[PDB]
Structures are given as structure tokens and as C-alpha cells.
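S.K.: Enclosed is the structure file query18.txt (compact mmCIF, C-alpha atoms and all ligand atoms).
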```
# COMPACT_ATOMS: atom_id res chain seq x y z
CA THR P 1 0.00 0.00 0.00
CA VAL P 2 1.49 3.35 -1.05
CA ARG P 3 -0.46 6.47 -0.15
CA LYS P 4 0.10 9.09 -2.78
CA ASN P 5 -0.18 12.84 -3.00
CA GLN P 6 -3.57 13.52 -4.64
CA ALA P 7 -1.97 15.97 -7.06
CA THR P 8 0.10 13.12 -8.49
CA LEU P 9 -2.65 10.60 -9.26
CA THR P 10 -3.04 9.49 -12.83
CA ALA P 11 -6.39 9.95 -14.52
CA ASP P 12 -6.95 6.17 -14.10
CA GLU P 13 -6.14 6.31 -10.38
CA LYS P 14 -8.54 9.25 -9.87
CA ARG P 15 -11.27 7.34 -11.73
CA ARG P 16 -10.76 4.19 -9.64
CA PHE P 17 -10.70 6.10 -6.32
CA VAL P 18 -13.88 8.00 -7.19
CA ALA P 19 -15.61 4.84 -8.29
CA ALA P 20 -14.70 2.95 -5.12
CA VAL P 21 -15.90 5.83 -2.93
CA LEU P 22 -19.22 6.02 -4.86
CA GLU P 23 -19.65 2.24 -4.46
CA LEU P 24 -19.12 2.43 -0.68
CA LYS P 25 -21.80 5.18 -0.72
CA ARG P 26 -24.21 3.15 -2.90
CA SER P 27 -23.88 0.06 -0.74
CA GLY P 28 -24.62 1.92 2.52
CA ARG P 29 -21.15 1.38 3.99
CA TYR P 30 -19.93 4.96 3.52
CA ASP P 31 -22.55 6.54 5.71
CA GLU P 32 -21.68 4.39 8.72
CA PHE P 33 -18.21 5.96 8.70
CA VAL P 34 -19.83 9.37 8.82
CA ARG P 35 -22.00 8.24 11.74
CA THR P 36 -19.11 6.79 13.74
CA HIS P 37 -17.13 10.00 13.28
CA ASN P 38 -20.11 12.10 14.36
CA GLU P 39 -20.61 9.99 17.47
CA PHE P 40 -17.01 10.47 18.56
CA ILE P 41 -16.68 14.17 17.75
CA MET P 42 -19.88 14.90 19.68
CA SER P 43 -18.65 12.78 22.66
CA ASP P 44 -14.93 13.66 22.92
CA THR P 45 -14.83 16.42 25.54
CA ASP P 46 -12.08 18.43 27.21
CA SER P 47 -13.32 17.69 30.74
CA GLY P 48 -14.17 14.02 30.32
CA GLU P 49 -13.63 10.95 28.17
CA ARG P 50 -11.92 11.89 24.95
CA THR P 51 -10.56 9.52 22.31
CA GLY P 52 -10.86 10.70 18.72
CA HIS P 53 -10.27 14.45 19.24
CA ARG P 54 -8.92 16.98 21.69
CA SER P 55 -6.56 14.37 23.08
CA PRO P 56 -3.28 12.51 22.45
CA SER P 57 -5.13 9.68 20.71
CA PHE P 58 -6.47 12.08 18.01
CA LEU P 59 -3.67 10.88 15.79
CA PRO P 60 -3.65 7.04 16.36
CA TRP P 61 -7.47 7.10 16.41
CA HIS P 62 -7.67 8.80 13.01
CA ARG P 63 -4.88 6.49 11.73
CA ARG P 64 -7.01 3.43 12.56
CA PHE P 65 -10.24 5.07 11.25
CA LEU P 66 -8.56 5.85 7.90
CA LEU P 67 -7.19 2.29 7.74
CA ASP P 68 -10.73 0.95 8.22
CA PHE P 69 -11.88 3.21 5.36
CA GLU P 70 -8.96 2.30 3.06
CA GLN P 71 -9.60 -1.42 3.70
CA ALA P 72 -13.25 -0.88 2.77
CA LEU P 73 -12.10 0.82 -0.45
CA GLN P 74 -9.75 -2.07 -1.24
CA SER P 75 -12.63 -4.51 -0.73
CA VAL P 76 -14.24 -2.82 -3.80
CA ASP P 77 -11.04 -2.21 -5.88
CA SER P 78 -7.85 -3.74 -4.44
CA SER P 79 -5.69 -1.25 -6.43
CA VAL P 80 -7.05 1.84 -4.63
CA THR P 81 -5.20 3.46 -1.76
CA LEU P 82 -6.07 6.60 0.17
CA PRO P 83 -4.46 9.72 -1.38
CA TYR P 84 -3.49 12.72 0.75
CA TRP P 85 -4.03 16.45 0.26
CA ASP P 86 -0.98 18.58 1.03
CA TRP P 87 -2.95 21.78 1.58
CA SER P 88 0.26 23.66 2.21
CA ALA P 89 1.23 23.14 -1.48
CA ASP P 90 -2.15 22.76 -3.20
CA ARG P 91 -3.69 25.78 -1.61
CA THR P 92 -5.97 27.49 -4.12
CA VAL P 93 -9.48 26.82 -5.47
CA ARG P 94 -7.82 26.14 -8.86
CA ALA P 95 -5.98 23.09 -7.56
CA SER P 96 -6.59 19.96 -9.61
CA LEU P 97 -8.07 18.35 -6.45
CA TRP P 98 -11.15 20.52 -6.94
CA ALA P 99 -11.58 19.81 -10.66
CA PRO P 100 -14.75 18.19 -11.98
CA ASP P 101 -12.85 14.95 -12.65
CA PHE P 102 -11.85 14.57 -9.00
CA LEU P 103 -13.72 16.15 -6.04
CA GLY P 104 -15.56 18.95 -7.84
CA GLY P 105 -15.33 22.58 -6.82
CA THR P 106 -16.71 25.07 -4.39
CA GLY P 107 -20.36 25.59 -3.63
CA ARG P 108 -22.46 28.21 -5.44
CA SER P 109 -23.01 31.34 -3.37
CA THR P 110 -26.75 31.09 -2.79
CA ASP P 111 -26.95 27.83 -0.84
CA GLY P 112 -23.34 26.56 -0.94
CA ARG P 113 -24.36 23.62 -3.14
CA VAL P 114 -21.52 21.90 -5.02
CA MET P 115 -22.48 21.98 -8.68
CA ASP P 116 -19.88 19.87 -10.45
CA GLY P 117 -17.79 16.74 -10.02
CA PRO P 118 -18.84 13.19 -9.16
CA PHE P 119 -20.20 14.14 -5.72
CA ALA P 120 -22.57 16.94 -6.80
CA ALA P 121 -26.10 16.24 -5.62
CA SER P 122 -27.40 16.57 -9.20
CA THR P 123 -25.58 13.33 -10.04
CA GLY P 124 -27.92 11.35 -7.81
CA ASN P 125 -24.87 9.53 -6.55
CA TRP P 126 -24.04 11.43 -3.35
CA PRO P 127 -27.00 11.73 -1.00
CA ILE P 128 -26.17 13.35 2.33
CA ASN P 129 -27.97 10.96 4.68
CA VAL P 130 -26.15 11.29 7.99
CA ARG P 131 -26.80 14.90 8.70
CA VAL P 132 -27.75 17.54 11.16
CA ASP P 133 -30.30 19.52 9.08
CA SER P 134 -32.81 19.04 6.27
CA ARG P 135 -30.30 19.67 3.44
CA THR P 136 -29.27 16.54 1.56
CA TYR P 137 -26.80 18.02 -0.95
CA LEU P 138 -23.02 18.40 -0.54
CA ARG P 139 -22.02 21.94 0.33
CA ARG P 140 -18.67 23.76 0.33
CA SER P 141 -17.42 27.31 0.59
CA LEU P 142 -13.71 27.11 -0.21
CA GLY P 143 -11.84 29.98 1.47
CA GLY P 144 -15.14 31.45 2.70
CA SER P 145 -14.86 31.38 6.51
CA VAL P 146 -11.10 31.70 6.78
CA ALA P 147 -8.82 33.33 4.29
CA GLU P 148 -5.89 30.97 3.84
CA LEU P 149 -4.85 27.38 4.21
CA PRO P 150 -1.77 26.74 6.38
CA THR P 151 1.59 27.29 4.77
CA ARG P 152 4.59 24.99 4.76
CA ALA P 153 6.40 27.42 7.10
CA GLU P 154 3.53 27.12 9.55
CA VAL P 155 3.59 23.33 9.20
CA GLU P 156 7.33 23.30 9.81
CA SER P 157 6.92 25.36 12.99
CA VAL P 158 4.55 22.70 14.32
CA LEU P 159 6.73 19.79 13.25
CA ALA P 160 9.58 21.42 15.21
CA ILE P 161 7.77 20.95 18.56
CA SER P 162 9.49 18.15 20.44
CA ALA P 163 6.83 17.10 22.95
CA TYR P 164 4.20 14.79 21.40
CA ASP P 165 1.58 16.16 23.82
CA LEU P 166 1.46 17.73 27.27
CA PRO P 167 -0.82 17.74 30.30
CA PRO P 168 -3.69 18.47 30.46
CA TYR P 169 -3.89 16.45 27.20
CA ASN P 170 -6.83 18.39 25.78
CA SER P 171 -7.57 21.46 23.63
CA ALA P 172 -5.63 23.65 26.06
CA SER P 173 -2.35 21.74 25.63
CA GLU P 174 0.95 22.98 24.37
CA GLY P 175 2.81 20.30 22.41
CA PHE P 176 2.75 18.84 18.94
CA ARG P 177 -0.60 17.04 18.89
CA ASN P 178 -2.68 20.04 19.89
CA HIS P 179 -0.83 22.37 17.50
CA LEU P 180 -1.37 19.89 14.62
CA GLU P 181 -5.03 19.46 15.62
CA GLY P 182 -5.10 23.22 15.77
CA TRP P 183 -6.78 24.31 19.03
CA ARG P 184 -3.67 26.34 19.94
CA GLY P 185 -1.21 28.21 17.77
CA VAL P 186 -1.17 28.81 14.03
CA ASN P 187 -3.86 26.10 13.58
CA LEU P 188 -3.43 23.31 10.98
CA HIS P 189 -6.17 20.61 11.04
CA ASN P 190 -9.10 22.61 12.39
CA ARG P 191 -8.50 25.52 10.06
CA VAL P 192 -8.52 23.25 6.97
CA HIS P 193 -11.95 22.00 7.98
CA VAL P 194 -13.12 25.59 8.32
CA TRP P 195 -11.55 26.61 4.99
CA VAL P 196 -13.49 23.93 3.10
CA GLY P 197 -16.76 24.89 4.77
CA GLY P 198 -20.03 23.10 4.11
CA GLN P 199 -20.32 19.72 5.75
CA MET P 200 -16.55 19.58 6.15
CA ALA P 201 -16.83 22.32 8.75
CA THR P 202 -19.45 20.42 10.79
CA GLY P 203 -19.66 17.33 13.02
CA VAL P 204 -20.61 15.19 9.99
CA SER P 205 -17.47 16.19 8.09
CA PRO P 206 -16.72 12.75 6.45
CA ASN P 207 -19.76 13.54 4.25
CA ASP P 208 -17.23 15.32 2.00
CA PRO P 209 -14.76 12.86 0.48
CA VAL P 210 -12.03 15.48 0.95
CA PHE P 211 -12.26 14.49 4.65
CA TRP P 212 -10.13 11.43 3.98
CA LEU P 213 -7.51 13.27 1.95
CA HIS P 214 -7.14 15.95 4.63
CA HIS P 215 -6.82 13.38 7.39
CA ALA P 216 -4.37 11.34 5.33
CA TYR P 217 -2.11 14.41 5.15
CA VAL P 218 -2.52 15.06 8.88
CA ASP P 219 -1.49 11.40 9.30
CA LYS P 220 1.54 11.97 7.09
CA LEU P 221 2.48 15.01 9.22
CA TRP P 222 2.52 12.73 12.28
CA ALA P 223 4.89 10.45 10.39
CA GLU P 224 7.02 13.46 9.45
CA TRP P 225 7.08 14.52 13.11
CA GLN P 226 8.34 11.07 14.08
CA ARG P 227 11.18 11.29 11.52
CA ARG P 228 12.10 14.76 12.88
CA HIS P 229 11.96 13.46 16.48
CA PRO P 230 12.96 9.79 16.54
CA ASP P 231 13.77 10.27 20.23
CA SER P 232 10.34 11.54 21.26
CA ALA P 233 7.21 9.39 21.49
CA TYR P 234 3.53 9.13 22.36
CA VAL P 235 2.47 10.40 25.78
CA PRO P 236 0.93 9.77 28.21
CA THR P 237 2.31 6.37 29.15
CA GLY P 238 0.04 5.34 31.96
CA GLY P 239 -2.52 6.18 34.58
CA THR P 240 -4.23 9.13 32.96
CA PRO P 241 -7.96 9.39 33.57
CA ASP P 242 -10.22 9.93 30.60
CA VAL P 243 -7.30 9.85 28.15
CA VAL P 244 -6.01 6.81 26.19
CA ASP P 245 -2.54 6.04 27.52
CA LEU P 246 0.00 4.39 25.21
CA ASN P 247 -0.87 0.84 26.19
CA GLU P 248 -4.59 1.25 26.61
CA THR P 249 -7.02 0.17 23.94
CA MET P 250 -9.14 2.60 21.92
CA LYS P 251 -12.84 2.73 21.23
CA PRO P 252 -14.72 1.82 19.14
CA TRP P 253 -12.56 -1.15 18.01
CA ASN P 254 -11.19 -1.92 21.46
CA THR P 255 -8.67 -4.33 19.90
CA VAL P 256 -5.92 -1.82 19.16
CA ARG P 257 -3.83 0.59 21.24
CA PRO P 258 -1.90 3.73 20.30
CA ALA P 259 1.19 1.52 20.66
CA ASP P 260 -0.02 -0.59 17.74
CA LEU P 261 -0.35 2.37 15.41
CA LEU P 262 2.79 4.44 15.96
CA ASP P 263 4.61 2.75 13.06
CA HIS P 264 2.55 3.21 9.92
CA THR P 265 4.88 1.00 7.84
CA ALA P 266 3.16 -2.12 9.18
CA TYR P 267 0.22 -1.01 7.08
CA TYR P 268 1.26 1.39 4.31
CA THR P 269 4.11 3.66 3.16
CA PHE P 270 4.01 7.13 1.56
CA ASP P 271 5.14 8.12 -1.95
CA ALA P 272 7.78 10.18 -0.17
CA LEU P 273 8.79 10.56 3.44
CA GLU P 274 12.21 11.99 4.32
CA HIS P 275 14.30 9.76 6.50
CA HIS P 276 15.44 11.43 9.71
CA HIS P 277 17.99 14.27 9.10
CA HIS P 278 19.64 17.53 10.30
CA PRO F 1 -16.68 26.99 35.87
CA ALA F 2 -20.02 28.76 36.36
CA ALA F 3 -22.78 27.87 33.86
CA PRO F 4 -23.57 30.63 31.32
CA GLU F 5 -26.83 32.52 31.69
CA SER F 6 -29.83 31.38 29.71
CA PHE F 7 -30.99 33.34 26.66
CA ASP F 8 -33.99 33.64 24.34
CA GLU F 9 -34.16 35.72 21.16
CA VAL F 10 -35.23 35.74 17.53
CA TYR F 11 -32.23 35.84 15.21
CA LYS F 12 -32.57 35.89 11.39
CA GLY F 13 -36.15 34.86 11.76
CA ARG F 14 -35.55 31.85 14.01
CA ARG F 15 -35.98 31.35 17.70
CA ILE F 16 -32.74 30.52 19.52
CA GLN F 17 -32.69 29.53 23.18
CA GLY F 18 -30.00 28.46 25.59
CA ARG F 19 -30.08 27.18 29.15
CA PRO F 20 -27.92 25.46 31.72
CA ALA F 21 -28.64 21.77 31.97
CA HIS F 22 -24.05 9.44 21.11
CA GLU F 23 -22.83 12.73 22.55
CA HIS F 24 -21.26 14.04 25.71
CA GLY F 25 -23.50 14.70 28.75
CA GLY F 26 -24.37 18.37 28.12
CA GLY F 27 -23.98 20.97 30.88
CA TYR F 28 -25.68 23.52 28.65
CA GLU F 29 -28.45 23.13 26.04
CA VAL F 30 -29.17 25.20 22.94
CA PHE F 31 -32.26 25.05 20.71
CA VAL F 32 -33.06 26.39 17.24
CA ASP F 33 -36.81 26.58 16.74
CA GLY F 34 -37.24 24.10 19.56
CA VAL F 35 -34.86 21.55 18.13
CA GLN F 36 -31.75 20.86 20.19
CA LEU F 37 -28.39 21.95 18.83
CA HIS F 38 -25.51 19.94 20.25
CA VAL F 39 -22.96 22.31 21.72
CA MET F 40 -19.83 21.77 23.75
CA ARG F 41 -17.55 23.91 25.94
CA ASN F 42 -13.83 24.02 25.33
CA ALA F 43 -11.15 24.18 27.97
CA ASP F 44 -10.62 27.92 27.40
CA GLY F 45 -14.33 28.60 28.00
CA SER F 46 -15.24 29.03 24.31
CA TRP F 47 -17.86 26.92 22.54
CA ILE F 48 -18.46 24.92 19.46
CA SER F 49 -21.41 23.04 18.06
CA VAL F 50 -22.17 20.31 15.57
CA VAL F 51 -23.05 22.82 12.85
CA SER F 52 -19.75 24.64 13.31
CA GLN F 53 -17.39 22.11 14.92
CA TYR F 54 -13.84 23.34 14.28
CA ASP F 55 -14.27 27.09 14.79
CA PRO F 56 -14.56 28.16 18.44
CA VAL F 57 -17.00 30.90 19.33
CA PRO F 58 -17.08 32.77 22.63
CA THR F 59 -20.53 31.86 24.01
CA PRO F 60 -23.48 29.51 23.57
CA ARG F 61 -25.52 32.35 22.03
CA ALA F 62 -22.68 32.89 19.51
CA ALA F 63 -22.83 29.17 18.68
CA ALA F 64 -26.59 29.37 18.19
CA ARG F 65 -26.22 32.41 15.92
CA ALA F 66 -23.39 30.73 13.99
CA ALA F 67 -25.62 27.70 13.50
CA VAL F 68 -28.52 29.84 12.21
CA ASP F 69 -26.07 31.62 9.89
CA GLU F 70 -24.87 28.34 8.43
CA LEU F 71 -28.28 26.69 8.17
CA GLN F 72 -29.60 29.38 5.79
CA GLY F 73 -33.13 28.57 6.76
CA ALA F 74 -32.93 24.80 7.04
CA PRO F 75 -34.61 23.04 9.93
CA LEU F 76 -32.24 21.34 12.33
CA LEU F 77 -32.55 17.56 12.74
CA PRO F 78 -32.51 16.01 16.23
CU CU L 1 -10.65 16.50 11.15
CU CU L 2 19.15 12.63 14.67
```
Transcribe the structure of this file into C-alpha cells.
Ligand SMILES: [Cu+2]
Ligand SMILES: [Cu+2]
M.R.:
Amino acid sequence: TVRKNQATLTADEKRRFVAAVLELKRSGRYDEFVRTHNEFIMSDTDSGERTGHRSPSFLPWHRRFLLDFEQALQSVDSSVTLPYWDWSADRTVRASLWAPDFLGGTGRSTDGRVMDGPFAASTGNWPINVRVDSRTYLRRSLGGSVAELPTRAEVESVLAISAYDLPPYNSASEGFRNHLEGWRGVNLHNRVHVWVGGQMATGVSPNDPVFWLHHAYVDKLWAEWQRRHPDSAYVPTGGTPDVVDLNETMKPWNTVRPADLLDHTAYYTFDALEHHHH
Amino acid sequence: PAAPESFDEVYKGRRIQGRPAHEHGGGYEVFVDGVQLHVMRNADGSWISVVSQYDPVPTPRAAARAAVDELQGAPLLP
């Protein structure tokens, strides 16, 4: 399994990815990923149990969720792997990611409805079923609620932080995880959700297929952080209430721990990942 | 932390209400036209909601207003 930069996919790879995603939607499997994500993002809380977000396990949790999704895609087309979106590089509305042969573009200004690409509601192939309001069409407002996507310099400043995470292990933390998630500092992951807008900015954000490409890049940034800091590792390592410690298992699977997901190479590699250097 | 005060107003034609009280166990509840809007308090005392999940706002009334802004007239679903 090699996860590739979306911008580098061939036309045949784009076609096969889109088709596998539409088949997971048609068969009813796609929407249960949306629902699981919704359940955790509405439950993960700074003052209580927190597993998928606002906590050290944000990164291993999303790594295992994306693996479950990639495995579902490979069950439809074994050649398909999850691509990633480097939003530091591919940062305008004219990026090929947003072309009608891949994810389609921004939403029209009246109702934010996406009007082109394979996921436009007019296709009849992308009903929004798991939702928080009456609208059943994909919406986006690229660059509408926040001006700019993160830059590489901003990404580098976060990758430079040595501590994986820090007490109190929530949205108030200093440390790498919370800066990558974006609750403190220049803001990487949260701001990208806001920049896309539409469902991507809400608690049913996997309704937009760009969800997976964004999270696959966030996942790559964790891998990059590990190469930059081979000496630094997941924390906490024991006895922390409400937080998943290194050797504790994670919901909803219960059969995997952060410790099992630190090394992505047991499951996939990237098209390119610098080895450790100075 | 103290619970925010309740509120009741009409904003962009919709009734928004807040009050101290599959999702966390809410310490504060917000409604848009009588339908509950899931909101959550962050460590720094700001708020988010399901309709605007990644963008903190200062208060539960701000989250209600941000939800009405984003909904553009659509009924909320429970
Ligand atoms: Cu996210
Ligand atoms: Cu070294």
C-alpha cells in the first residue's frame, strides 16, 4: 500500500478512487463511517472521556479510522489506496483536487451547493444521509470562513515541537498534537476544515470525500514529526484518567492501542517521506 | 466553571434559546426553533457546536447564531 499525494494521481487512479468511494456510498457502507465519526466528535470532551479528538489519541485514532476506510475501499477495488491532500502546497481553489474529474469545486453562493464533479447532488450519486439539518446536498465554501490554508512554514513550525503532547492532554495543551489538531497556535487541522466549509466544517465532516484526503495528510504530518523526532514518542504512558494512555485500547474497536499504530509502515508507506535528518 | 446565563431571542427569523442543563452529557443546552443543537464547551471557555465544529466561538448564544447563519433557513434535525 502506497499512499500518494492527490496531485500526483493518474487519470486512471482518480477514476478508480472516485468509483470505489461512490460504491461504498451506494452500498450503505460509507454513511456508517460518517456516523461513527459524528458519534465520537460529539462525545470527545475536554473535561471528560476523549478519544478521537482533543486528546493525544487524536492521531492514532484517526490512523485506525482511515485504515478501516482504506480497507473498505480495497474490498471494492484492491488497487485503490487513500491519497493525501498537502494543503500547504495545493492551496488554491484552482488546484486539480477541486476539478470536476476529482472532487468537484466550491459551492455556489446562494446555498453553498456543489455543482460539479462526481459528488454533486445533481448526479444522484451522493446523497447526504447522515446529517444535522434538512439539506441533503453536498455543500462547500472554499476559502469562505477563513482566508488561507496553512503554509509549509507554519507546518514546519509545528513539526519542530518536540513534545508529542502535554498535560492536560486536551484542547488547552501545548505540544505537537494540539498544534497539529489546531486548538492552539497557528492552527493546521481545524483551520482546513473551516476553509473547506459546508459539511466539512461540521460534526458530519466525512460527508465530503475530501475528509479522507485531509486526514491522510494530517497522518503523514505525524509520520514526518516522528522522523524529525525519533527520540520523542507518544504520551501519556500510563494512569491518565479519561485519556487513552500508550498501552490502553481505543474505542470503538477496542482491539488496538496507540502503541499498535505508531509505526505506519506495518500497514502502508508514503510516496515520499524523508528519512530522519539535520 | 459557572454555567452561562440562559438566553432567548429571535435571530434571522428563528428562535434561539439556551439554558444550563451518542454525545457528551451536556452541561448547557441550545435550541433552534425548539430543536436541540448539540454544543460543547472548550477548555478555554469558548464553545463549538455540531453545525460549526472546528471554529470556536465565545458563548453559547454565539454558537446558536453561527448555527442559524450556516443553516440558511434549514430546519435542524434532532
Ligand atoms: Cu478532522
Ligand atoms: Cu538525529
S.K.: Within 9 Å of chain F, which residues of chain P show up when using all atoms listed in the file, listed as JSON, numbers by chain?
M.R.: {"P": [38, 39, 40, 41, 42, 43, 44, 45, 46, 47, 48, 49, 111, 131, 132, 133, 134, 135, 170, 171, 172, 182, 183, 189, 190, 191, 193, 194, 198, 199, 201, 202, 203, 204]}
S.K.: Quick one: pull the distance between CA of residue 240 (chain P) and CA of residue 62 (chain P), Å, one decimal.
M.R.: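 Between CA of residue 240 (chain P) and CA of residue 62 (chain P) the gap works out to 20.2 Å.
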S.K.: Which residues sit within 7 Å of ligand CU 2 (chain L), counting only C-alpha atoms and all ligand atoms, listed as a ChimeraX atom specification?
M.R.: /P:276-278
S.K.: Please measure the separation of CA of residue 106 (chain P) and CA of residue 272 (chain P), giving the value in Å to one decimal.
M.R.: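 If I compute the distance from CA of residue 106 (chain P) to CA of residue 272 (chain P), I get 29.0 Å.
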S.K.: One number please: CA of residue 31 (chain F) to CA of residue 54 (chain P), in Å, one decimal.
M.R.: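 Between CA of residue 31 (chain F) and CA of residue 54 (chain P) the gap is 24.7 Å.
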S.K.: Show me, as a PDB file with C-alpha atoms, in the frame of the given file, the residues that have an atom within 10 Å of residue 274 (chain P) when counting only C-alpha atoms, minus same-chain residues fewer than 3 positions from it.
M.R.:
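Saved the output as around.pdb:
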```pdb
ATOM      1  CA  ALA P 223       4.890  10.450  10.390  1.00  0.00           C
ATOM      2  CA  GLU P 224       7.020  13.460   9.450  1.00  0.00           C
ATOM      3  CA  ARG P 227      11.180  11.290  11.520  1.00  0.00           C
ATOM      4  CA  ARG P 228      12.100  14.760  12.880  1.00  0.00           C
ATOM      5  CA  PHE P 270       4.010   7.130   1.560  1.00  0.00           C
ATOM      6  CA  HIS P 277      17.990  14.270   9.100  1.00  0.00           C
TER       7      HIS P 277
END
```
S.K.: I'd like the contact shell of region 118-123 of chain P - 12 Å cut-off, all atoms listed in the file, skipping same-chain residues fewer than 6 positions apart - returned as JSON, numbers by chain.
M.R.: {"P": [14, 15, 17, 18, 19, 20, 21, 22, 23, 25, 98, 99, 100, 101, 102, 103, 104, 105, 106, 107, 108, 112, 129, 135, 136, 137, 138, 139, 140, 207, 208, 209, 210]}
S.K.: Please identify all polymer residues within 12 Å of residue 2 (chain F), counting only C-alpha atoms, omitting same-chain residues fewer than 3 positions from it, and present them as a PyMOL selection string.
M.R.: chain F and resi 5+20-21+27-28+41+45
